[PDB]
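Peer 1: Below is the sequence, then the experimental coordinates.
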Amino acid sequence: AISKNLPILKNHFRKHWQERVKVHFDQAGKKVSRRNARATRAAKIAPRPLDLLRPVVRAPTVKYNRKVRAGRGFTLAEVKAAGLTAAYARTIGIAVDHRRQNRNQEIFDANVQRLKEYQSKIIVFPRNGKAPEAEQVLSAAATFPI
Amino acid sequence: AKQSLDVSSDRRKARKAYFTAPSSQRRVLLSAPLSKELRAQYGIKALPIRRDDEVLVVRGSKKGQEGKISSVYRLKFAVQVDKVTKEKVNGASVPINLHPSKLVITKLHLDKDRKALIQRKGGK
Amino acid sequence: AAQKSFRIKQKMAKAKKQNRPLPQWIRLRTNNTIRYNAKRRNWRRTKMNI
Amino acid sequence: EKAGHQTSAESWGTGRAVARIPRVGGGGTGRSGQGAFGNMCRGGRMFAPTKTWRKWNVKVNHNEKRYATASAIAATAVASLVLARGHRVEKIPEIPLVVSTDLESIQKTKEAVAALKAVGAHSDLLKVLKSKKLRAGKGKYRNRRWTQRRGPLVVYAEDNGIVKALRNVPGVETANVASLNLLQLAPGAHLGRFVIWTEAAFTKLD
Amino acid sequence: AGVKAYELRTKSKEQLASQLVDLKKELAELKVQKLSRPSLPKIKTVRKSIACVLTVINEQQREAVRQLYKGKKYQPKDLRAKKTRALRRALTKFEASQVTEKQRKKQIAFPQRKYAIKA
RNA sequence: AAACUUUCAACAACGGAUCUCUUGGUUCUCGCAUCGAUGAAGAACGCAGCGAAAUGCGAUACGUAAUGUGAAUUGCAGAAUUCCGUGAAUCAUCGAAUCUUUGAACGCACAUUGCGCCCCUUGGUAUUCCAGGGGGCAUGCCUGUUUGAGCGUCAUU
RNA sequence: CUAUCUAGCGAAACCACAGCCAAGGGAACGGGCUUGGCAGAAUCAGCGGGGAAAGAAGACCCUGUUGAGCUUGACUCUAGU
RNA sequence: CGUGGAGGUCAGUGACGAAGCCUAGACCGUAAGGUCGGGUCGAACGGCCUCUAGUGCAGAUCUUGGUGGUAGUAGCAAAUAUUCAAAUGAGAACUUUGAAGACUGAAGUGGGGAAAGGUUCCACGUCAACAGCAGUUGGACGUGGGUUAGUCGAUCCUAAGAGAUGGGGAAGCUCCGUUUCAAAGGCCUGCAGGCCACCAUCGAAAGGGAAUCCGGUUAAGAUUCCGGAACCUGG
RNA sequence: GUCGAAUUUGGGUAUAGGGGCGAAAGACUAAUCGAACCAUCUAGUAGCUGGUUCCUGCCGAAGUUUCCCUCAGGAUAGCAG
RNA sequence: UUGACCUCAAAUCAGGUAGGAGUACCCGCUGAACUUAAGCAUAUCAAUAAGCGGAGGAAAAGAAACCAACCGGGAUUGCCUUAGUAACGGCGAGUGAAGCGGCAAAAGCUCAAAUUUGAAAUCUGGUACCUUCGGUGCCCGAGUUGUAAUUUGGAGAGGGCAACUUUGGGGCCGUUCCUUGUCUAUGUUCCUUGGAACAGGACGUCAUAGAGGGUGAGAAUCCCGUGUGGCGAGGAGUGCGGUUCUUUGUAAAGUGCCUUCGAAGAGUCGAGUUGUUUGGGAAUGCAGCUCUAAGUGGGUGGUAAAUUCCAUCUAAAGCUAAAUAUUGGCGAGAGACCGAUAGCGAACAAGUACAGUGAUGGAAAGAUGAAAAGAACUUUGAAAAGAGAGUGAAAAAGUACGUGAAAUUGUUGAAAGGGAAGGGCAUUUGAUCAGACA
């Protein structure tokens, strides 16, 4: 009904909503699950650091044409510019895209710099068994900041 | 104060388990402590109870009395002892039922398995 | 009904055995709660529907 | 969600000389003809049945939360408010109480307890060891049988065995300076706990 | 007590059949005695002895058949593993690991490498 | 004045409120993924020494075997051929078997305890009849095997 | 044969509390209220004036922005043809 | 003010008696209500500062349960009718036996069965409950016993009719049809011979239908048992 | 009233709910029929009827306007806190 | 005549498989109304409930015929926000998304279209043997109306030149994870009460154990257990480690530059119309019918049509874990919940008893005591029973049993009473009662 001077509402509760209501009491339990998942994945991982490299990006439309963002993949162009190939890169902790054609020279340069840095910065075990045998990190979200 | 998540301090589950439990586990729940002498001997304090052991009492109206197990009754969580009998008005002798935790052992109806268990538990 | 299915008669023997009182040795069992049968049947009062 | 609703009861109407709540149909059973769906009926549906989407948890401004902790901490240094709850702080060498950081390295409850009696928390630890009482409500069959008082709070910076040495002594709580739970600092919303600081913690507060 | 299968498993089919026949005879006589007298629970033991005997006999035939179909393609359906229906169908380890040759080459050329990020 | 009516207390009755209890319910979070023609779920019937049910099992019938524990069960009797044993218990565990008649249900039927057919074997003189035992007989689809039809169709006698 | 009295058995409807009347006034017909008449335990069989007696949230009537059945050159559609 | 429950606190009360209940005994409070004393009872409970709510009943022809006046009342009155004596037993209007009278009067209150019922049928014991009184009796209670088939029926045949199959429609559970646009088999003599074919199946304890009667027997069964005499089918 | 035919009846069989049957009454369709029974949607909605639980204190109304398929109801103003 | 082929059949042929159940969640299909609109038909409820099909442990979706128009991003799914917005609508009630951005979780890829043509190199089955989730040989068979190798558009193939780079399958033990089992402290000392001490007091002891439970009443120290550690059993397995053998191999991959090129899914796309659905508006998607394409092309670019540019993808074939869902099933752990007229309908022989032809409906019902020690024996009576006696802490606990309320009823006691009772003020009378001092 209508009553005294009040702003007008639009509350969409005419539709058997009570049957379909999700609450998050598992807000904590799922956090536990996720921490446990990450830790366990890492534990089995053979120290590959739980996230693959992702590239620096020019952040679409106007509201965010300013920002710079972590995208998906590194443009085969920039890969072979660094001096390697997509397939070997994927075996390495790297993430590669075929879309996102490079059109901006500085971003080309930046990503190739990232890749060269990372290549110089990591240590790969032989195809055989014996190695320096470990030390784990779980970043690559952070050690190559954006 | 528990730390193991797999355990529960639920009153209901506890009492439930204790009542529904089988003869196997009741064998342990009817465990009893030992005399000072036997404790000095074997470096151990308590055991599951069995038949034909000797025993003395430390509590209850029948405190101080002694005897041997006539029969275990895991279906009532109790014990039955010679030399321990109520005389009804009809004069019938009837055994009294006892919780072993309120007793003390003086002898052991010993067995291969019993001795093996004894050496098994040590007494850390 | 004097010309009756054997299935029927099977059920007759079943009900005949199911209509009785308790054996009394049960009432002396440890931790009993069963003083009398609660499922008895008498043809005068209530029926089987076969 | 289905309670009081498992029935198929529909009203007999009026003209049968009875109230027009919905009645159970059928026959041959005591429930036949009995009142149904309703808060006032037996076997019915309570008024405004309890829902899970009640608001259970409350968002509080973080600054306000920190404010309260700061007030509690400041109240820790007031012997009147600690006495006022019945913390046993009558003798007290001096307040706020600060102890060497070597206490963080204790592994045994016995050694720690002996230290505690020497500093003079014996009477408070007896306040707990004598306050164990049964609970008066229905909590006893909801896994809350025993009630007792709340004892002192030991504040450490680094744990090197003390928390496990103290997890079994009744009434005593432990905390790290970083965390400092208000629930421990102001139990029952009554201000001034008997807090025992360590030297490292007392330094780290700044 | 009565009889024991570990004593019986050393015997043959014929001795076992005779044993079983004797047990059934005795059981019949015990049924006669059961109405002559109010109660007779010695009959339980011979009842369970029959069960044990039949179990052993069944075992002998079954294991004979098993060693007969030892390492044959089609075993009998009552002798295959029961695991569950959906599994008795589902793929084998072989079929699951079957892989095309292109994918084999890519896996061998570029498998996932062990790497670490410090220096 | 009794009786009778009415009120109040005690005591006793009808009744099962209250209080205390609780091997239950409810709600939340976690963890897992496993029905079935290799015959499920469900049903009916029957099974114990002494049981009606519940529970459990299926003619091996409150269960069999193997494993672990290691001397019970229990209302009564019976056991104990033991109790330093390959060995008690309604124990636990469970990987090997039994698994009535049914049921998707599969020889055909099904208000029927109804009527048939094939193989092997056994009794009666029996290839032919009767009976007993044992094993088998659904449909659709696929892969293939064999036999096959079609002036559909090829080559040659 | 009942009712009636007895042996034994043994319900029900209904029940604000209850049960003598007049007049007044009153929701304009009171068992109660005001003023008067009166007023003695416990009662039995019948009795059918009153208890605006009980039976039934009125079936007539009006309403409801409640319905249903039926009809129809009402509004709107429709299987069909 | 008060109820349930939670945090805190009275190093709170308590089996030398907790809460709970009764108390024309008392006290405080305007009051909501609180306290105390006595009796009963037997295991947990309270005061204070806060929190929280499925939170305080006279009603709703409210719900569940229970008890009352009505009332030892209404009333137990159709079907012609009972009576005497014995035995029994604690006890007999009603049980049994016996004797009298009386009925139904074969279109029966008889005897037999189908449907349906399910052990009620029968024996012994037995009356707490039911038999609207009674109760020594019982279609009750308790425990047991008892239902015998080549010839009776079912089983078979088909009727009205239902209902698979091939097929067709249907998104689909399924619907239609049962001389169906089907490549629908079995009869004799491993095979050569040879002839035929709308070929599901279910559907009647009254229809059609192979054949049995006697006499005897039980507490309760019989064309089923016994004795005897026959018949039919198949081989 | 009828009592030898349009009779009566058992058993089997067919017809199912906006459907069935109907020597036609809107009759019958399991004590249910101007639309069966069971469950569900469904706690359907209801401007209408009834009910709505402890104290004390302080304050203290309206039944009028205007518009409404509006006249047993709402909004708005007014009275009140 | 003989032998093939194509097609279609049969067989209790050899071997296989589908059915049904369950169904909380999932993919679909079909598909309402009450209701709301203060009426009502559109609209809403609702693309819901009911009905039907079919799966899994997660499903489904997913590697762009995308979002966009920025300096552009870059599979999908979910959270936050976008937003109660743009939009829809008797523009009334109402409904109502998507991009961007942040986070979670992460993973890519295969078929077709190509001459193996100096050699079907492919595959099922049968059969002997074997180191058997499989393998060698042989045979039969399928198959060119096309199985293998290559390539999947991010490209890529063919040739030419030029070098460079790298590989594998085993056993072995250990480790990991499950199934699990086992060992892992502390008084039952004295006194009080009590039937029992698990209460009180004193005296102690352990504590990475004071959580919980049982035990004749509130038990850290009586028992289980708790906690912390240890020792094993059986299994899965390849994650990890370590060993130890072969040697793939004259075979596979990758890498450069020149050159020729470079196949790319049709009764589909698209359009019209009809119906429905959508926020989707000259038409969001879907389906029916009618029309029906092209290869510097096609789809889209949220106002229809014509014209010219631009931009972004590349359909009509396909696979893919995790994040996410889950009143079901199984195993756990918890609660400011209910506490026997409550809480699941069911704390118990409850979906039971019982009703109904049937579908369906659907109950009520907990508590002796520490232990039956469940009342021996006597007496009256036919007996039930009573009275005794007797156990028990209590029989005011005697199987109708914890406590045991009220209505209601009996006895006793007190009191009143002329057609009601009850109540306020006041007081007598009666019965009873507290309270003051040394």
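Peer 2: That came through fine. Numbers count the residues shown, from 1 in each chain, chains lettered A, B, ... in the order given.
Peer 1: C-alpha only now, for contacts and for neighbours.
Peer 2: Will do.
Peer 1: I'd like to know how many residues surround the residue in chain A positioned nearest to RNA strand I.
Peer 2: The nearest approach of chain A to RNA strand I comes at residue A:4, 3.5 Å away (C-alpha to the nearest atom of the strand). When neighbours are defined as other C-alpha atoms under 10 Å in any protein chain shown, residue A:4 has 5 of them.
Peer 1: Contact partners for it?
Peer 2: Applying C-alpha atoms under 8 Å, 6 or more residues apart in numbering or on different chains to residue A:4 gives no contacts.
Peer 1: Stretch B:49-62 close to RNA strand J?
Peer 2: Yes. Under the criterion of C-alpha under 7 Å from any atom of the strand, RNA strand J is reached by stretch B:49-62 at B:58, B:59, B:60, B:61, B:62.
Peer 1: which of the residues you listed tops the neighbour count?
Peer 2: residue B:58 (15 neighbours).
Peer 1: any idea how far it is from chain A?
Peer 2: 50 Å (C-alpha to the nearest C-alpha, to the nearest Å).
Peer 1: Could you do residue B:25 as well?
Peer 2: From residue B:25 to chain A the distance is 35 Å (C-alpha to the nearest C-alpha).
Peer 1: That residue: how many residues sit nearby?
Peer 2: 13.
Peer 1: gap between the residue located most distally from the centre of chain C and residue B:23?
Peer 2: Within chain C, residue C:30 marks the point farthest from the mean C-alpha position, 24.5 Å out by C-alpha atoms, centre = their mean. To residue B:23, residue C:30 is 15 Å away according to C-alpha to C-alpha, to the nearest Å.
Peer 1: The closest residue to RNA strand H within chain E: how many residues sit nearby?
Peer 2: Nearest to RNA strand H, among the residues of chain E, is residue E:35, at 10.4 Å (C-alpha to the nearest atom of the strand). For residue E:35, the count of nearby residues is 10 (other C-alpha under 10 Å).
Peer 1: Repeat that for residue A:8.
Peer 2: 7.
Peer 1: who touches stretch E:42-55?
Peer 2: For stretch E:42-55, using C-alpha under 8 Å, 6+ apart, the contacting residues are E:1-5, E:8, E:16, E:19-20, E:23-24, E:26-27, E:30-31.
Peer 1: Dump it to CSV, restricted to CA.
Peer 2: What follows is stretch E:42-55, C-alpha atoms only, in CSV (Å, rounded to 0.1, in the frame of the first residue of the first chain):
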residue,chain,number,x,y,z
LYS,E,42,22.7,-80.2,20.5
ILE,E,43,20.8,-79.9,17.2
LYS,E,44,22.3,-76.4,16.6
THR,E,45,25.8,-77.7,16.5
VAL,E,46,25.0,-80.3,13.8
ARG,E,47,23.1,-77.7,11.9
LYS,E,48,26.2,-75.5,11.8
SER,E,49,28.4,-78.4,11.1
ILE,E,50,26.4,-79.1,7.9
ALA,E,51,26.9,-75.4,6.9
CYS,E,52,30.6,-75.7,7.4
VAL,E,53,30.8,-78.9,5.4
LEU,E,54,28.8,-77.4,2.5
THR,E,55,31.0,-74.3,2.6
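Peer 1: is it anywhere near RNA strand F?
Peer 2: Yes. Using C-alpha under 7 Å from any atom of the strand, stretch E:42-55 reaches RNA strand F at E:42, E:43, E:44, E:47, E:48, E:50, E:51, E:52, E:53, E:54, E:55.
Peer 1: Check for me that the third one belongs to a helix.
Peer 2: The reference is to residue E:44. Yes. Per DSSP: H, G, I helix; E, B strand; the rest coil, residue E:44 lies within a helix segment.
Peer 1: Next up, the contacts around the residue sitting nearest the centre point of chain A.
Peer 2: Nearest residue to the geometric centre of chain A (C-alpha atoms, centre = their mean): residue A:54, 6.3 Å. By C-alpha under 8 Å, 6+ apart, residue A:54 lies in contact with A:70, A:71, A:72, A:73, A:74, A:94, A:95, A:96.
Peer 1: you'd agree residue D:158 is up against residue D:176?
Peer 2: Yes. With contact defined as C-alpha atoms under 8 Å, residue D:158 counts as touching residue D:176 (7.5 Å).
Peer 1: Residue 70: how many residues sit nearby?
Peer 2: No chain was given, so I picked chain A. 15.
Peer 1: ah, no, chain E please
Peer 2: 11.
Peer 1: how many neighbours does residue A:64 have?
Peer 2: Count around residue A:64 with other C-alpha under 10 Å applied: 11.
Peer 1: what's the distance between it and residue D:81?
Peer 2: The gap separating residue A:64 from residue D:81 is 55 Å, by C-alpha to C-alpha.
Peer 1: ditto for residue D:175
Peer 2: 20 Å.
Peer 1: Could you do residue B:48 as well?
Peer 2: From residue B:48 to residue D:81 the distance is 54 Å (C-alpha to C-alpha).
Peer 1: Looking from RNA strand I, tell me which residue of chain C is nearest.
Peer 2: Across chain C, the shortest distance to RNA strand I (C-alpha to the nearest atom of the strand) belongs to residue C:49, at 13.3 Å.
Peer 1: how far away is that residue from chain D?
Peer 2: From residue C:49 to chain D the distance is 15 Å (C-alpha to the nearest C-alpha).
Peer 1: Return the alpha-carbon coordinates of stretch D:10-27 using PDB.
Peer 2: C-alpha atoms of stretch D:10-27 as PDB (Å, rounded to 0.1, in the frame of the first residue of the first chain):
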ATOM      1  CA  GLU D  10      -8.500 -29.100   5.300                       C
ATOM      2  CA  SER D  11     -11.300 -27.400   7.200                       C
ATOM      3  CA  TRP D  12     -14.700 -29.000   7.700                       C
ATOM      4  CA  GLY D  13     -16.100 -25.500   7.400                       C
ATOM      5  CA  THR D  14     -19.000 -24.200   9.400                       C
ATOM      6  CA  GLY D  15     -22.200 -26.000  10.000                       C
ATOM      7  CA  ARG D  16     -20.600 -28.800  12.000                       C
ATOM      8  CA  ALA D  17     -20.700 -26.800  15.300                       C
ATOM      9  CA  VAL D  18     -17.000 -26.400  15.600                       C
ATOM     10  CA  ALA D  19     -14.100 -24.000  15.000                       C
ATOM     11  CA  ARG D  20     -12.900 -23.600  11.500                       C
ATOM     12  CA  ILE D  21      -9.300 -24.500  11.900                       C
ATOM     13  CA  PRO D  22      -8.200 -27.100   9.400                       C
ATOM     14  CA  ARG D  23      -9.000 -30.600  10.500                       C
ATOM     15  CA  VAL D  24      -7.500 -33.900   9.700                       C
ATOM     16  CA  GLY D  25      -9.600 -36.300   7.700                       C
ATOM     17  CA  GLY D  26      -9.900 -40.000   7.500                       C
ATOM     18  CA  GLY D  27     -10.700 -42.300  10.300                       C
END
